[PDB]
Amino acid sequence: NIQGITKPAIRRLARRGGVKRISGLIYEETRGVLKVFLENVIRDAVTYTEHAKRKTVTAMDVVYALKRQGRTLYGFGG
């Protein structure tokens, strides 16, 4: 699944970031870093879901989780 985050996709993100040349090892690192980022946010999102006695992870759940990590997101129910 983690390999669905593909080399060309990572390059694309790197390009938005202003990145011209990428070491071959960057792709494995990014995947690692992205796993930890999703784990943390989803850990919190799911805690909210569970607390609400729901089986469905909402946008709000995510937004709240993102707010707790100091990563406030606009566009989904802020």
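So that the term is clear: the rigid core is the largest set of C-alpha atoms that superpose within 1.5 Å between two forms. Counting begins at 1, following the sequence as shown.
Higher-deviation stretch (C-alpha RMS, rigid core fit) in 4 other deposited structures of this protein, choosing from 66-74 and 50-58 = Once the core is superposed, the stretch further away in 4 other deposited structures of this protein is 66-74.
- Task: Select lowest, middle or highest to describe the third in which the CA B-factor of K53 falls within its chain in this entry.
- Result: Ranked within chain, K53 CA B lands in the highest tercile.
Tell me, lowest, middle or highest third: where does the Cα B factor of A59 rank within its chain? Lowest third - that is where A59 ends up once the chain's C-alpha B-factors are sorted.
Grab the CA temperature factor for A65 from the record and place it in the lowest, middle or highest third of its chain. Lowest third of the chain for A65's C-alpha B-factor.
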